[PDB]
file model.txt (compact mmCIF, C-alpha atoms)
# COMPACT_ATOMS: atom_id res chain seq x y z
CA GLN A 263 -237.12 18.73 -1.00
CA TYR A 264 -240.79 17.86 -0.47
CA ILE A 265 -239.93 14.76 1.57
CA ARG A 266 -237.40 16.78 3.55
CA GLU A 267 -240.08 19.34 4.42
CA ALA A 268 -242.52 16.59 5.39
CA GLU A 269 -240.00 15.13 7.84
CA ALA A 270 -239.43 18.67 9.14
CA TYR A 271 -243.16 19.05 9.77
CA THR A 272 -243.29 15.75 11.65
CA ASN A 273 -240.30 16.59 13.85
CA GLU A 274 -241.82 20.00 14.58
CA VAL A 275 -245.34 18.82 15.39
CA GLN A 276 -244.58 15.87 17.68
CA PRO A 277 -242.89 17.83 20.55
CA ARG A 278 -245.82 20.24 20.69
CA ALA A 279 -248.13 17.26 21.19
CA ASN A 280 -245.88 16.01 23.99
CA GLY A 281 -245.99 19.42 25.66
CA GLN A 282 -249.77 19.64 25.42
CA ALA A 283 -250.05 16.14 26.88
CA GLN A 284 -247.91 17.15 29.85
CA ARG A 285 -249.94 20.33 30.28
CA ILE A 286 -253.29 18.53 30.41
CA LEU A 287 -251.88 15.92 32.79
CA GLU A 288 -250.73 18.68 35.15
CA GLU A 289 -254.13 20.36 34.87
CA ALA A 290 -255.79 17.08 35.87
CA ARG A 291 -253.47 16.80 38.89
CA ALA A 292 -254.34 20.37 39.89
CA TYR A 293 -258.05 19.60 39.51
CA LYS A 294 -257.79 16.57 41.80
CA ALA A 295 -255.88 18.49 44.47
CA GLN A 296 -258.24 21.48 44.32
CA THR A 297 -261.42 19.41 44.50
CA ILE A 298 -260.13 17.36 47.44
CA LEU A 299 -259.14 20.50 49.34
CA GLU A 300 -262.48 22.19 48.62
CA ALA A 301 -264.31 19.07 49.80
CA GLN A 302 -262.32 19.15 53.04
CA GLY A 303 -263.16 22.82 53.54
CA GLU A 304 -266.88 22.30 52.96
CA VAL A 305 -266.87 19.30 55.30
CA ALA A 306 -265.24 21.40 58.03
CA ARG A 307 -267.73 24.24 57.53
CA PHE A 308 -270.75 21.93 57.73
CA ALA A 309 -269.35 20.09 60.76
CA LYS A 310 -268.81 23.37 62.60
CA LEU A 311 -272.23 24.75 61.65
CA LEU A 312 -274.27 21.66 62.52
CA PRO A 313 -274.22 21.77 66.37
CA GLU A 314 -275.41 25.39 66.44
CA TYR A 315 -278.43 24.45 64.33
CA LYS A 316 -279.02 21.36 66.46
CA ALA A 317 -279.15 23.60 69.54
CA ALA A 318 -281.79 25.99 68.11
CA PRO A 319 -283.30 24.54 64.92
CA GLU A 320 -286.30 26.80 64.27
CA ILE A 321 -284.54 30.16 64.66
CA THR A 322 -281.58 29.17 62.48
CA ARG A 323 -283.90 27.73 59.83
CA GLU A 324 -285.98 30.91 59.75
CA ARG A 325 -282.97 33.23 59.64
CA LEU A 326 -281.21 31.33 56.85
CA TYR A 327 -284.44 31.06 54.87
CA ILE A 328 -285.13 34.79 55.13
CA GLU A 329 -281.58 35.73 54.13
CA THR A 330 -281.62 33.40 51.13
CA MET A 331 -285.02 34.66 50.00
CA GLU A 332 -284.07 38.32 50.29
CA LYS A 333 -280.93 37.64 48.24
CA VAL A 334 -282.73 35.67 45.52
CA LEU A 335 -285.61 38.15 45.28
CA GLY A 336 -283.22 41.08 45.07
CA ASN A 337 -281.33 39.35 42.27
CA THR A 338 -284.41 38.67 40.12
CA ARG A 339 -287.24 40.73 38.65
CA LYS A 340 -290.59 40.22 40.37
CA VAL A 341 -294.29 40.44 39.47
CA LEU A 342 -296.90 40.10 42.24
CA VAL A 343 -300.31 39.16 40.82
CA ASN A 344 -303.17 37.28 42.45
CA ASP A 345 -304.27 33.91 41.06
CA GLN B 263 -233.12 31.05 25.92
CA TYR B 264 -236.61 29.53 25.92
CA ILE B 265 -235.66 27.05 28.65
CA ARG B 266 -234.00 29.73 30.78
CA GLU B 267 -236.98 32.05 30.35
CA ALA B 268 -239.34 29.28 31.48
CA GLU B 269 -237.21 28.68 34.58
CA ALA B 270 -237.24 32.41 35.33
CA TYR B 271 -241.02 32.46 34.88
CA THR B 272 -241.65 29.64 37.35
CA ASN B 273 -239.20 31.04 39.92
CA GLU B 274 -240.96 34.40 39.62
CA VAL B 275 -244.52 33.06 39.73
CA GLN B 276 -244.18 30.91 42.85
CA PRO B 277 -243.69 33.81 45.36
CA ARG B 278 -246.62 35.62 43.75
CA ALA B 279 -248.76 32.57 44.47
CA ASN B 280 -247.57 32.56 48.08
CA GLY B 281 -248.44 36.24 48.46
CA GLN B 282 -251.89 35.75 46.94
CA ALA B 283 -252.49 32.83 49.30
CA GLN B 284 -251.60 34.99 52.29
CA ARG B 285 -253.85 37.76 50.98
CA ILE B 286 -256.90 35.51 50.60
CA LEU B 287 -256.32 34.01 54.05
CA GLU B 288 -256.19 37.50 55.58
CA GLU B 289 -259.36 38.42 53.70
CA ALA B 290 -261.09 35.36 55.14
CA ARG B 291 -260.07 36.28 58.68
CA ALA B 292 -261.27 39.85 58.12
CA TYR B 293 -264.62 38.53 56.89
CA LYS B 294 -264.94 36.34 59.98
CA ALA B 295 -264.27 39.28 62.30
CA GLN B 296 -266.68 41.53 60.41
CA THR B 297 -269.42 38.89 60.51
CA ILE B 298 -269.04 38.44 64.27
CA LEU B 299 -268.94 42.17 64.94
CA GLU B 300 -271.85 42.75 62.62
CA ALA B 301 -273.82 40.04 64.42
CA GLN B 302 -273.01 41.71 67.72
CA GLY B 303 -274.50 44.91 66.38
CA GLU B 304 -277.65 43.16 65.23
CA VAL B 305 -278.04 41.31 68.53
CA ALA B 306 -277.73 44.43 70.65
CA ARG B 307 -280.18 46.44 68.60
CA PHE B 308 -282.68 43.60 68.66
CA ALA B 309 -282.50 43.09 72.41
CA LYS B 310 -282.87 46.81 73.00
CA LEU B 311 -285.90 47.19 70.77
CA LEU B 312 -287.82 44.15 72.03
CA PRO B 313 -288.97 45.49 75.47
CA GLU B 314 -290.42 48.54 73.74
CA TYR B 315 -292.50 46.21 71.57
CA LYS B 316 -293.55 44.07 74.53
CA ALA B 317 -295.05 47.05 76.37
CA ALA B 318 -297.44 48.12 73.57
CA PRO B 319 -297.40 45.56 70.76
CA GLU B 320 -300.31 46.73 68.58
CA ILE B 321 -299.25 50.34 68.01
CA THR B 322 -295.59 49.64 67.27
CA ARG B 323 -296.49 46.68 65.05
CA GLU B 324 -298.90 48.84 63.06
CA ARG B 325 -296.38 51.67 62.75
CA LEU B 326 -293.60 49.37 61.53
CA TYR B 327 -295.96 47.65 59.09
CA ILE B 328 -297.17 50.98 57.68
CA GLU B 329 -293.62 52.28 57.27
CA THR B 330 -292.46 49.11 55.51
CA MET B 331 -295.42 49.11 53.12
CA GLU B 332 -294.85 52.81 52.41
CA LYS B 333 -291.25 52.11 51.44
CA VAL B 334 -291.96 48.99 49.36
CA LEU B 335 -294.81 50.64 47.46
CA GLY B 336 -292.76 53.78 46.89
CA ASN B 337 -289.98 51.66 45.41
CA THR B 338 -292.18 49.76 42.90
CA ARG B 339 -294.76 50.43 40.21
CA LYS B 340 -298.41 49.90 41.15
CA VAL B 341 -301.45 48.55 39.30
CA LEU B 342 -304.80 48.61 41.11
CA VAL B 343 -307.06 46.63 38.77
CA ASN B 344 -309.94 44.95 40.56
CA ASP B 345 -310.38 41.18 40.34
CA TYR C 224 -229.65 25.68 -2.97
CA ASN C 225 -233.36 25.46 -2.19
CA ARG C 226 -233.00 21.87 -0.99
CA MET C 227 -230.10 22.65 1.37
CA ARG C 228 -231.89 25.75 2.67
CA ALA C 229 -234.98 23.65 3.39
CA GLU C 230 -232.89 21.07 5.26
CA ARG C 231 -231.23 23.74 7.41
CA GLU C 232 -234.61 25.31 8.17
CA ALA C 233 -235.82 21.84 9.17
CA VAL C 234 -232.99 21.44 11.68
CA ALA C 235 -233.56 24.92 13.13
CA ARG C 236 -237.30 24.32 13.46
CA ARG C 237 -236.69 21.00 15.23
CA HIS C 238 -234.37 22.64 17.76
CA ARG C 239 -236.81 25.47 18.46
CA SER C 240 -239.68 23.00 18.84
CA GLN C 241 -237.71 20.97 21.38
CA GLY C 242 -236.98 24.12 23.37
CA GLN C 243 -240.64 25.12 23.30
CA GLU C 244 -241.69 21.67 24.51
CA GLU C 245 -239.32 21.90 27.48
CA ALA C 246 -240.58 25.39 28.32
CA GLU C 247 -244.20 24.24 28.14
CA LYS C 248 -243.54 21.32 30.48
CA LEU C 249 -241.86 23.60 33.03
CA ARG C 250 -244.70 26.13 32.86
CA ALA C 251 -247.27 23.36 33.29
CA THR C 252 -245.68 22.02 36.47
CA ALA C 253 -245.32 25.58 37.79
CA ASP C 254 -249.02 26.23 37.20
CA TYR C 255 -249.89 23.00 39.00
CA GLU C 256 -247.88 24.04 42.06
CA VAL C 257 -249.46 27.51 42.06
CA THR C 258 -252.96 26.01 41.88
CA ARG C 259 -252.23 23.60 44.73
CA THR C 260 -250.98 26.38 47.01
CA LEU C 261 -253.98 28.58 46.19
CA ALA C 262 -256.36 25.68 46.86
CA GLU C 263 -254.77 25.02 50.26
CA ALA C 264 -255.11 28.69 51.21
CA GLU C 265 -258.72 28.70 50.02
CA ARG C 266 -259.49 25.65 52.16
CA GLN C 267 -258.06 27.34 55.24
CA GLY C 268 -260.07 30.47 54.44
CA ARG C 269 -263.24 28.41 54.10
CA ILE C 270 -262.59 26.86 57.50
CA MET C 271 -262.20 30.32 59.04
CA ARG C 272 -265.39 31.55 57.35
CA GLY C 273 -267.31 28.55 58.65
CA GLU C 274 -266.04 29.16 62.17
CA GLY C 275 -267.15 32.79 62.01
CA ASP C 276 -270.56 31.86 60.62
CA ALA C 277 -271.15 29.30 63.38
CA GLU C 278 -270.10 31.80 66.06
CA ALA C 279 -272.51 34.39 64.67
CA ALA C 280 -275.26 31.77 64.37
CA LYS C 281 -275.02 30.96 68.08
CA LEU C 282 -275.67 34.57 69.12
CA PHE C 283 -278.43 34.99 66.55
CA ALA C 284 -280.06 31.76 67.71
CA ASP C 285 -280.21 32.54 71.41
CA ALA C 286 -280.98 36.27 71.18
CA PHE C 287 -283.73 35.58 68.65
CA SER C 288 -285.17 32.59 70.49
CA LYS C 289 -285.75 35.20 73.16
CA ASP C 290 -288.74 36.12 70.94
CA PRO C 291 -289.19 34.26 67.63
CA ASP C 292 -292.37 35.80 66.19
CA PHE C 293 -291.35 39.45 66.54
CA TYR C 294 -287.95 38.71 65.00
CA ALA C 295 -289.67 36.94 62.11
CA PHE C 296 -291.87 40.01 61.61
CA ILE C 297 -288.96 42.47 61.66
CA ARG C 298 -286.69 40.34 59.48
CA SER C 299 -289.44 39.76 56.92
CA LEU C 300 -290.07 43.50 56.72
CA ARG C 301 -286.36 44.16 56.23
CA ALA C 302 -286.25 41.47 53.54
CA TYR C 303 -289.20 43.05 51.74
CA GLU C 304 -287.52 46.46 51.78
CA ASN C 305 -284.18 45.08 50.59
CA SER C 306 -285.70 42.96 47.82
CA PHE C 307 -288.03 45.65 46.48
CA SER C 308 -285.47 48.47 46.84
CA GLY C 309 -284.77 48.12 43.12
CA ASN C 310 -287.22 49.72 40.70
CA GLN C 311 -287.02 46.98 38.04
CA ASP C 312 -290.17 45.14 39.18
CA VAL C 313 -293.92 45.59 38.76
CA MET C 314 -296.46 45.08 41.55
CA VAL C 315 -300.21 44.52 41.07
CA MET C 316 -302.67 45.32 43.86
CA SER C 317 -306.42 45.60 44.37
CA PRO C 318 -308.54 48.24 46.14
CA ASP C 319 -310.01 45.35 48.15
CA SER C 320 -306.57 44.56 49.59
CA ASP C 321 -306.41 45.09 53.34
CA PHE C 322 -303.61 47.68 53.13
CA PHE C 323 -305.84 50.00 51.09
CA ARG C 324 -308.82 49.55 53.43
CA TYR C 325 -308.60 53.27 54.21
CA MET C 326 -308.99 54.20 50.57
CA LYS C 327 -312.76 53.75 50.68
CA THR C 328 -314.61 56.67 52.24
CA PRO C 329 -315.64 56.19 55.89
CA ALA D 280 -267.63 11.82 47.27
CA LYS D 281 -266.36 9.65 50.12
CA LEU D 282 -265.57 12.74 52.19
CA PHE D 283 -268.97 14.31 51.50
CA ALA D 284 -270.84 11.12 52.38
CA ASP D 285 -268.91 10.61 55.62
CA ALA D 286 -269.56 14.22 56.61
CA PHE D 287 -273.21 14.66 55.64
CA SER D 288 -274.34 11.27 56.95
CA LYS D 289 -274.69 12.97 60.36
CA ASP D 290 -277.81 14.87 59.27
CA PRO D 291 -279.13 14.64 55.69
CA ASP D 292 -282.13 16.96 56.00
CA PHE D 293 -280.12 19.95 57.21
CA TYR D 294 -277.52 19.40 54.49
CA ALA D 295 -280.27 19.27 51.87
CA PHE D 296 -281.72 22.51 53.24
CA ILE D 297 -278.37 24.34 53.21
CA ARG D 298 -277.29 23.03 49.81
CA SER D 299 -280.64 23.84 48.21
CA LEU D 300 -280.54 27.36 49.64
CA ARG D 301 -277.05 27.87 48.23
CA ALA D 302 -278.21 26.47 44.88
CA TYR D 303 -281.11 28.95 44.84
CA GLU D 304 -278.67 31.77 45.59
CA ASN D 305 -276.24 30.68 42.86
CA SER D 306 -278.69 29.88 40.05
CA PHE D 307 -280.74 33.08 40.35
CA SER D 308 -277.61 35.23 40.75
CA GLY D 309 -277.89 36.27 37.10
CA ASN D 310 -280.41 39.07 36.53
CA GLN D 311 -281.94 37.40 33.48
CA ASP D 312 -285.06 35.65 34.84
CA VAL D 313 -288.58 36.67 35.85
CA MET D 314 -290.50 35.43 38.90
CA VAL D 315 -294.27 35.66 39.39
CA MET D 316 -295.39 35.36 43.02
CA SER D 317 -298.69 36.20 44.72
CA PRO D 318 -299.49 38.34 47.78
CA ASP D 319 -301.01 35.21 49.37
CA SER D 320 -297.64 33.43 49.21
CA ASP D 321 -296.22 32.23 52.51
CA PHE D 322 -293.08 34.38 52.24
CA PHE D 323 -295.25 37.48 51.73
CA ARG D 324 -297.54 36.58 54.65
CA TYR D 325 -296.27 39.58 56.65
CA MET D 326 -297.16 42.01 53.85
CA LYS D 327 -300.81 41.71 54.92
CA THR D 328 -302.11 43.89 57.73
CA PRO D 329 -301.86 42.53 61.31
call {"tool": "encode", "arguments": {"input": "model.txt", "output": "structure tokens"}}
result
Amino acid sequence: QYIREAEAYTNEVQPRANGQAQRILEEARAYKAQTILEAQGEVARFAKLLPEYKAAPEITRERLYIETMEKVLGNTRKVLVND
Amino acid sequence: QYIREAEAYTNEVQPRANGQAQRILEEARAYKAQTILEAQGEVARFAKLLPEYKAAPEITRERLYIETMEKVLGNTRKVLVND
Amino acid sequence: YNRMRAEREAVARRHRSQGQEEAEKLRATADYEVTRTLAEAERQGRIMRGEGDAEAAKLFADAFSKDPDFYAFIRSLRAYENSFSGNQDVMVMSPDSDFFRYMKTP
Amino acid sequence: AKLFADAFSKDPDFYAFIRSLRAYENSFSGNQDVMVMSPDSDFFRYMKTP
């Protein structure tokens, strides 16, 4: 009976390993597709944004800098002391 | 029954994915429209306010500065130790 | 009796495990397809957002290049108000600071 | 990586600026850190009187 149960355990465990292997392979495929699509989207965004900055560099730089700083300073605690 | 339930699950989940995709695309278009419209609002207010500044710069600059400092100091704790 | 019962349980467990493996494979491929569709939609949404941001940036750029310094002043003041609106921070000043120049008796 | 290189080779400085600004926004998004500036800082240059 002990050997019978051991063979039962083997026959039970192996298919679960096969299923997990297929699952992680599909997850890797999904990761590749998602990262390629996100890269394409970011490329399109940067390509569209670039000419507007090239037209008026200083104003766009200042506006983006101010927006980013207000966001980051709002998110964090602040202490203003002289040095 | 397990196999049939899995097939039912996939056939059910695919249209939900399509609907979610449509929803996020509509949200993106709404964000684009709101950003443009919001920019329009900012641009109009800015253009309108500038000639008032150009006529008498010192007084309006001082008033805006005083108001902003009043708000920022009212929103934070103060320590006035001399250095 | 125990030995035969164990053998029958072995066969049943093997059949159920095979069914579960097939179900897991089907669910995995379904999840992959769902993720691919969502990623495609997200890419299109990112393209739309970038288009909107560029369109807004054009108007901001020209209307603010009308007068850069005053816009910098106003936007910096708005940023100060927005950042310090929360009461979680501590600010240290000095009576010699130019804002408090009126503090001293004239 | 190939896509990103082919895209951002047009202007590296502007890409660095934008990506660093987004990184600053993302990293500090958690309200768990403490920043210590000074009133003489360049960002706070408009907090002084005209």
call {"tool": "closest_atom_pairs", "arguments": {"input": "model.txt", "of": "chain B", "to": "chain A", "cutoff": "12 Å", "atoms": "all atoms listed in the file", "output": "tab-separated table"}}
result
residue	atom	partner	partner_atom	distance
B:335	CA	A:342	CA	11.9
B:338	CA	A:340	CA	10.0
B:339	CA	A:341	CA	10.0
B:340	CA	A:342	CA	10.0
B:341	CA	A:343	CA	9.6
B:342	CA	A:343	CA	10.5
B:343	CA	A:343	CA	10.3
B:344	CA	A:344	CA	10.4
B:345	CA	A:344	CA	8.5
call {"tool": "interface_residues", "arguments": {"input": "model.txt", "of": "chain D", "to": "chain B", "cutoff": "12 Å", "atoms": "all atoms listed in the file", "output": "mmCIF file with C-alpha atoms, keeping the file's coordinate frame"}}
result
data_model
loop_
_atom_site.group_PDB
_atom_site.id
_atom_site.type_symbol
_atom_site.label_atom_id
_atom_site.label_comp_id
_atom_site.auth_asym_id
_atom_site.auth_seq_id
_atom_site.Cartn_x
_atom_site.Cartn_y
_atom_site.Cartn_z
ATOM 1 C CA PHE D 323 -295.250 37.480 51.730
ATOM 2 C CA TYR D 325 -296.270 39.580 56.650
ATOM 3 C CA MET D 326 -297.160 42.010 53.850
ATOM 4 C CA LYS D 327 -300.810 41.710 54.920
ATOM 5 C CA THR D 328 -302.110 43.890 57.730
ATOM 6 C CA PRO D 329 -301.860 42.530 61.310
#
call {"tool": "atom_distance", "arguments": {"input": "model.txt", "atom1": "CA of residue 303 (chain A)", "atom2": "CA of residue 265 (chain C)"}}
result
8.2 Å
call {"tool": "interface_residues", "arguments": {"input": "model.txt", "of": "chain C", "to": "chain B", "cutoff": "8 Å", "atoms": "only C-alpha atoms", "output": "PDB file with C-alpha atoms, in the frame of the given file"}}
result
ATOM      1  CA  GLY C 242    -236.980  24.120  23.370  1.00  0.00           C
ATOM      2  CA  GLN C 243    -240.640  25.120  23.300  1.00  0.00           C
ATOM      3  CA  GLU C 245    -239.320  21.900  27.480  1.00  0.00           C
ATOM      4  CA  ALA C 246    -240.580  25.390  28.320  1.00  0.00           C
ATOM      5  CA  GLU C 247    -244.200  24.240  28.140  1.00  0.00           C
ATOM      6  CA  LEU C 249    -241.860  23.600  33.030  1.00  0.00           C
ATOM      7  CA  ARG C 250    -244.700  26.130  32.860  1.00  0.00           C
ATOM      8  CA  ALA C 253    -245.320  25.580  37.790  1.00  0.00           C
ATOM      9  CA  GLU C 256    -247.880  24.040  42.060  1.00  0.00           C
ATOM     10  CA  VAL C 257    -249.460  27.510  42.060  1.00  0.00           C
ATOM     11  CA  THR C 260    -250.980  26.380  47.010  1.00  0.00           C
ATOM     12  CA  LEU C 261    -253.980  28.580  46.190  1.00  0.00           C
ATOM     13  CA  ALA C 264    -255.110  28.690  51.210  1.00  0.00           C
ATOM     14  CA  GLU C 265    -258.720  28.700  50.020  1.00  0.00           C
ATOM     15  CA  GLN C 267    -258.060  27.340  55.240  1.00  0.00           C
ATOM     16  CA  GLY C 268    -260.070  30.470  54.440  1.00  0.00           C
ATOM     17  CA  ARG C 269    -263.240  28.410  54.100  1.00  0.00           C
ATOM     18  CA  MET C 271    -262.200  30.320  59.040  1.00  0.00           C
ATOM     19  CA  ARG C 272    -265.390  31.550  57.350  1.00  0.00           C
ATOM     20  CA  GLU C 274    -266.040  29.160  62.170  1.00  0.00           C
ATOM     21  CA  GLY C 275    -267.150  32.790  62.010  1.00  0.00           C
ATOM     22  CA  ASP C 276    -270.560  31.860  60.620  1.00  0.00           C
ATOM     23  CA  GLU C 278    -270.100  31.800  66.060  1.00  0.00           C
ATOM     24  CA  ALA C 279    -272.510  34.390  64.670  1.00  0.00           C
ATOM     25  CA  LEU C 282    -275.670  34.570  69.120  1.00  0.00           C
ATOM     26  CA  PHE C 283    -278.430  34.990  66.550  1.00  0.00           C
ATOM     27  CA  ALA C 286    -280.980  36.270  71.180  1.00  0.00           C
ATOM     28  CA  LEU C 300    -290.070  43.500  56.720  1.00  0.00           C
ATOM     29  CA  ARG C 301    -286.360  44.160  56.230  1.00  0.00           C
ATOM     30  CA  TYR C 303    -289.200  43.050  51.740  1.00  0.00           C
ATOM     31  CA  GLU C 304    -287.520  46.460  51.780  1.00  0.00           C
ATOM     32  CA  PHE C 307    -288.030  45.650  46.480  1.00  0.00           C
ATOM     33  CA  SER C 308    -285.470  48.470  46.840  1.00  0.00           C
ATOM     34  CA  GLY C 309    -284.770  48.120  43.120  1.00  0.00           C
ATOM     35  CA  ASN C 310    -287.220  49.720  40.700  1.00  0.00           C
ATOM     36  CA  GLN C 311    -287.020  46.980  38.040  1.00  0.00           C
ATOM     37  CA  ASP C 312    -290.170  45.140  39.180  1.00  0.00           C
ATOM     38  CA  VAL C 313    -293.920  45.590  38.760  1.00  0.00           C
ATOM     39  CA  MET C 314    -296.460  45.080  41.550  1.00  0.00           C
ATOM     40  CA  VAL C 315    -300.210  44.520  41.070  1.00  0.00           C
ATOM     41  CA  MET C 316    -302.670  45.320  43.860  1.00  0.00           C
ATOM     42  CA  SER C 317    -306.420  45.600  44.370  1.00  0.00           C
ATOM     43  CA  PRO C 318    -308.540  48.240  46.140  1.00  0.00           C
ATOM     44  CA  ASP C 319    -310.010  45.350  48.150  1.00  0.00           C
TER      45      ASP C 319
END
call {"tool": "atom_distance", "arguments": {"input": "model.txt", "atom1": "CA of residue 270 (chain A)", "atom2": "CA of residue 237 (chain C)"}}
result
7.1 Å
call {"tool": "interface_residues", "arguments": {"input": "model.txt", "of": "chain C", "to": "chain D", "cutoff": "7 Å", "atoms": "all atoms listed in the file", "output": "mmCIF file with C-alpha atoms, keeping the file's coordinate frame"}}
result
data_model
loop_
_atom_site.group_PDB
_atom_site.id
_atom_site.type_symbol
_atom_site.label_atom_id
_atom_site.label_comp_id
_atom_site.auth_asym_id
_atom_site.auth_seq_id
_atom_site.Cartn_x
_atom_site.Cartn_y
_atom_site.Cartn_z
ATOM 1 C CA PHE C 296 -291.870 40.010 61.610
ATOM 2 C CA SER C 299 -289.440 39.760 56.920
ATOM 3 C CA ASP C 321 -306.410 45.090 53.340
ATOM 4 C CA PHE C 322 -303.610 47.680 53.130
#
call {"tool": "axis_aligned_box", "arguments": {"input": "model.txt", "around": "region 325-344 of chain B", "padding_each_side": "8 Å", "output": "lines of an AutoDock Vina configuration file"}}
result
center_x = -300.0
center_y = 49.4
center_z = 50.8
size_x = 36.0
size_y = 24.8
size_z = 40.0
call {"tool": "atom_distance", "arguments": {"input": "model.txt", "atom1": "CA of residue 291 (chain C)", "atom2": "CA of residue 308 (chain D)"}}
result
29.3 Å
call {"tool": "build_atoms", "arguments": {"input": "model.txt", "residues": "region 300-317 of chain D", "atoms": "N, CA and C atoms", "output": "PDB file, keeping the file's coordinate frame"}}
result
ATOM      1  N   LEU D 300    -280.551  25.908  49.514  1.00  0.00           N
ATOM      2  CA  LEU D 300    -280.540  27.360  49.640  1.00  0.00           C
ATOM      3  C   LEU D 300    -279.372  27.971  48.874  1.00  0.00           C
ATOM      4  N   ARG D 301    -278.188  27.364  48.983  1.00  0.00           N
ATOM      5  CA  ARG D 301    -277.050  27.870  48.230  1.00  0.00           C
ATOM      6  C   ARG D 301    -277.263  27.729  46.728  1.00  0.00           C
ATOM      7  N   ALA D 302    -277.907  26.642  46.296  1.00  0.00           N
ATOM      8  CA  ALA D 302    -278.210  26.470  44.880  1.00  0.00           C
ATOM      9  C   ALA D 302    -279.183  27.544  44.393  1.00  0.00           C
ATOM     10  N   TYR D 303    -280.195  27.870  45.202  1.00  0.00           N
ATOM     11  CA  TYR D 303    -281.110  28.950  44.840  1.00  0.00           C
ATOM     12  C   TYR D 303    -280.364  30.270  44.724  1.00  0.00           C
ATOM     13  N   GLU D 304    -279.450  30.537  45.659  1.00  0.00           N
ATOM     14  CA  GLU D 304    -278.670  31.770  45.590  1.00  0.00           C
ATOM     15  C   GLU D 304    -277.813  31.815  44.332  1.00  0.00           C
ATOM     16  N   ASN D 305    -277.184  30.693  43.982  1.00  0.00           N
ATOM     17  CA  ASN D 305    -276.240  30.680  42.860  1.00  0.00           C
ATOM     18  C   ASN D 305    -276.949  30.725  41.513  1.00  0.00           C
ATOM     19  N   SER D 306    -278.030  29.961  41.348  1.00  0.00           N
ATOM     20  CA  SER D 306    -278.690  29.880  40.050  1.00  0.00           C
ATOM     21  C   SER D 306    -279.339  31.203  39.670  1.00  0.00           C
ATOM     22  N   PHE D 307    -280.046  31.822  40.610  1.00  0.00           N
ATOM     23  CA  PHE D 307    -280.740  33.080  40.350  1.00  0.00           C
ATOM     24  C   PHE D 307    -279.826  34.290  40.416  1.00  0.00           C
ATOM     25  N   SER D 308    -278.519  34.096  40.607  1.00  0.00           N
ATOM     26  CA  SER D 308    -277.610  35.230  40.750  1.00  0.00           C
ATOM     27  C   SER D 308    -277.588  36.094  39.494  1.00  0.00           C
ATOM     28  N   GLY D 309    -277.840  35.500  38.330  1.00  0.00           N
ATOM     29  CA  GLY D 309    -277.890  36.270  37.100  1.00  0.00           C
ATOM     30  C   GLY D 309    -279.234  36.965  36.965  1.00  0.00           C
ATOM     31  N   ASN D 310    -279.194  38.265  36.674  1.00  0.00           N
ATOM     32  CA  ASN D 310    -280.410  39.070  36.530  1.00  0.00           C
ATOM     33  C   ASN D 310    -280.946  38.920  35.103  1.00  0.00           C
ATOM     34  N   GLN D 311    -281.377  37.698  34.790  1.00  0.00           N
ATOM     35  CA  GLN D 311    -281.940  37.400  33.480  1.00  0.00           C
ATOM     36  C   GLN D 311    -283.293  36.707  33.532  1.00  0.00           C
ATOM     37  N   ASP D 312    -283.831  36.409  34.708  1.00  0.00           N
ATOM     38  CA  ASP D 312    -285.060  35.650  34.840  1.00  0.00           C
ATOM     39  C   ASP D 312    -286.167  36.501  35.446  1.00  0.00           C
ATOM     40  N   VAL D 313    -287.386  35.964  35.398  1.00  0.00           N
ATOM     41  CA  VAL D 313    -288.580  36.670  35.850  1.00  0.00           C
ATOM     42  C   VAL D 313    -289.350  35.727  36.771  1.00  0.00           C
ATOM     43  N   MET D 314    -289.721  36.215  37.948  1.00  0.00           N
ATOM     44  CA  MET D 314    -290.500  35.430  38.900  1.00  0.00           C
ATOM     45  C   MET D 314    -291.866  36.070  39.108  1.00  0.00           C
ATOM     46  N   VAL D 315    -292.878  35.220  39.266  1.00  0.00           N
ATOM     47  CA  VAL D 315    -294.270  35.660  39.390  1.00  0.00           C
ATOM     48  C   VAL D 315    -294.821  35.033  40.666  1.00  0.00           C
ATOM     49  N   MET D 316    -294.846  35.807  41.746  1.00  0.00           N
ATOM     50  CA  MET D 316    -295.390  35.360  43.020  1.00  0.00           C
ATOM     51  C   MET D 316    -296.816  35.873  43.180  1.00  0.00           C
ATOM     52  N   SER D 317    -297.369  35.699  44.379  1.00  0.00           N
ATOM     53  CA  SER D 317    -298.690  36.200  44.720  1.00  0.00           C
ATOM     54  C   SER D 317    -298.629  36.792  46.119  1.00  0.00           C
TER      55      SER D 317
END
